[PDB]
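Written out below as structure tokens is the structure these notes cover.
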Amino acid sequence: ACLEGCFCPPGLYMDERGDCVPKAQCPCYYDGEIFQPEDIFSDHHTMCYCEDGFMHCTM
Amino acid sequence: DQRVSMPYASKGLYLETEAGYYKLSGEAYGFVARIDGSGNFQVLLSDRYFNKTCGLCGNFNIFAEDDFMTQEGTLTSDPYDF
Ligand SMILES: *[C@@H]1O[C@H](CO)[C@@H](O)[C@H](O)[C@H]1NC(C)=O
Ligand SMILES: [Ca+2]
């Protein structure tokens with residue numbers, strides 16, 4: 001719905017640590033794992049990275 | 001970081017100008033680079049590195065479809081993330 005509470009402007013999205021931040025340093029939550037904004041990441045067979053909040057996996 | 005004059009020939013790398021366009025030769029190390037006035041990098045390279053040099057200009061093989069083998073070594077469909 002259209003709820004009531006404490007938000008912050010649209011350019012800013014919420015961080016875990018009480019502040020809200022732009023989507024530049026908005027981490028990824030891949031498989032639960034809280035990856036930092038720049039974490040290149042791969043097993044032998046996959047290839048994955050966190051860009052701006054979304055987790056860009058390939059194969 | 002020290003700006004040198006031109007031409008220049010240290011360490012087996014003659015740094016010359018040919019046809020009004022700049023050249024960098026490494027015939028001992030098997031390559032010849034150059035640039036034009038507009039700016040168009042070019043790299044001539046021997047047959048010694050056939051199926052060797054893997055990078056941004058791809059391998060020196062015969063094929064042309066398989067010459068995206070990443071720094072891991074992975075045939076990719078995208079010419080961009082490569
Ligand atoms: C290139 O070298 C690789 C690795 O040794 C080998 O697997 C492949 O068969 C070679 N390809 C050609 C065209 O020689
Ligand atoms: Ca090739």
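We label chains A, B, ... in the order they appear in the structure tokens, count residues from 1 in each chain, and number ligands from 1 in the order shown.
Where the distance criterion is 8 Å and the atoms used are only C-alpha atoms and all ligand atoms, the residues close to ligand 1 are residues 50, 51, 52, 61, 62 and 63 of chain B.
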Inset, instruction - Please provide the set of residues having any atom within 9 Å of region 11-15 of chain B, restricted to only C-alpha atoms, with same-chain residues fewer than 3 positions apart removed, written as a PyMOL selection string. - result: chain B and resi 6-8+22-29
Residues as selected, N, CA and C atoms, written as a tab-separated table (two decimals), in the first residue's frame, can you do that?
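Written output follows (out.tsv):
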chain	number	residue	atom	x	y	z
B	6	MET	N	62.34	12.74	-29.29
B	6	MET	CA	62.01	11.72	-30.26
B	6	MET	C	62.89	12.01	-31.47
B	7	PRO	N	63.40	10.98	-32.16
B	7	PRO	CA	63.31	9.53	-31.95
B	7	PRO	C	64.05	9.04	-30.71
B	8	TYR	N	64.07	7.73	-30.51
B	8	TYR	CA	64.53	7.12	-29.28
B	8	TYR	C	64.63	5.62	-29.51
B	22	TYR	N	53.84	7.80	-36.59
B	22	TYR	CA	54.76	7.35	-35.56
B	22	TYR	C	54.79	5.83	-35.46
B	23	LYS	N	55.98	5.29	-35.16
B	23	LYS	CA	56.23	3.86	-35.17
B	23	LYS	C	56.96	3.46	-33.90
B	24	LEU	N	56.76	2.21	-33.49
B	24	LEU	CA	57.46	1.60	-32.36
B	24	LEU	C	57.78	0.17	-32.76
B	25	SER	N	59.06	-0.13	-32.97
B	25	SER	CA	59.49	-1.43	-33.45
B	25	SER	C	60.17	-2.22	-32.34
B	26	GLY	N	59.91	-3.52	-32.33
B	26	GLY	CA	60.44	-4.43	-31.33
B	26	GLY	C	60.88	-5.75	-31.94
B	27	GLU	N	61.45	-5.68	-33.15
B	27	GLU	CA	61.72	-6.86	-33.97
B	27	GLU	C	62.43	-7.97	-33.21
B	28	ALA	N	63.27	-7.61	-32.24
B	28	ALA	CA	63.82	-8.63	-31.34
B	28	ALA	C	62.70	-9.32	-30.58
B	29	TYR	N	61.76	-8.55	-30.05
B	29	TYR	CA	60.63	-9.08	-29.30
B	29	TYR	C	59.43	-9.37	-30.18
Legend entry - Environment of ligand 2 within 12 Å, counting only C-alpha atoms and all ligand atoms, reported as a count of residues only: 22
Determine, for each residue of chain A having at least one atom at most 10 Å from an atom of chain B, the closest pair of atoms and their separation in Å to one decimal, counting only C-alpha atoms; order by chain and ascending number, as a tab-separated table.
residue	atom	partner	partner_atom	distance
A:42	CA	B:72	CA	9.8
A:44	CA	B:72	CA	8.7
A:45	CA	B:74	CA	8.7
A:46	CA	B:74	CA	9.7
A:47	CA	B:74	CA	9.6
A:58	CA	B:76	CA	9.6
A:59	CA	B:76	CA	8.7
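One finds CA of residue 43 (chain A) at 23.9 Å from CA of residue 25 (chain A).
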Legend entry - Selection near residue 28 (chain A), 6 Å with only C-alpha atoms, sequence-local residues under 3 positions removed, as number ranges by chain: A: 34-35, 53-54
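For the atom pair formed by CA of residue 43 (chain B) and CA of residue 81 (chain B), the distance is 22.3 Å, given to one decimal.
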